[PDB]
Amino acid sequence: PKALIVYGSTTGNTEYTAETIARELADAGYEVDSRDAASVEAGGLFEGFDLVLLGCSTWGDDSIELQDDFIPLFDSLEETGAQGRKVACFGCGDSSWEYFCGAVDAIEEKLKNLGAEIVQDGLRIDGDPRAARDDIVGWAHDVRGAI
């Protein structure tokens, strides 16, 4: 099986989290392709992948805004090949904000409309993800067991 991880990260937190998940999946036997959202195009992005994991941090002055590099992908999600695709989401944030990891919710909701199959509720990391390593590894393991 092939898994794609696409992340939008500005300060490196969601990127670390994506790398952590990627190693877990690889150790299990998946062929993993991990890509920064800045480097991808939406159109047919998910083609060929058995599992897609999308990660993004949350921004915005007084609204929920997705990480800049992820925005174009979210805006064109309908062209990615999400129907019937097994997906799960993750993100980093900071619980000082009420809309903690709000990006994750926005992405999940769109995916559901698009007919994707959300295999596990999104992983939401507060603060330094290295401090949450066990939680990330545990979530990767739960995603695997949910396929």
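Quick note: we count residues from 1 along the sequence shown, nothing fancier.
Item to complete: Going by the average Cα B-factor in the PDB entry, point out whether 24-32 or 97-105 comes out higher.
Response: Stretch with the greater average CA B-factor: 24-32.
Item to complete: Read off the CA B-factors in the entry, average them over 52-60 and over 35-43, and name the higher stretch.
Response: Stretch with the higher mean C-alpha B-factor: 35-43.
Fill in: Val143 - which third its CA temperature factor falls in, relative to the rest of the chain
Middle third of the chain for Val143's C-alpha B-factor.
Practice prompt. Ordered by C-alpha B-factor within the chain, which third holds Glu117? Give me lowest, middle or highest, please.
Written response: Its C-alpha B-factor belongs to the highest third of this chain's values.
Discussion item. Ranking every modelled residue in this chain by its Cα temperature factor as given in the entry, which third contains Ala132?
Written reply: As the PDB entry reports it, the C-alpha B-factor of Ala132 lands in the highest third of its chain.
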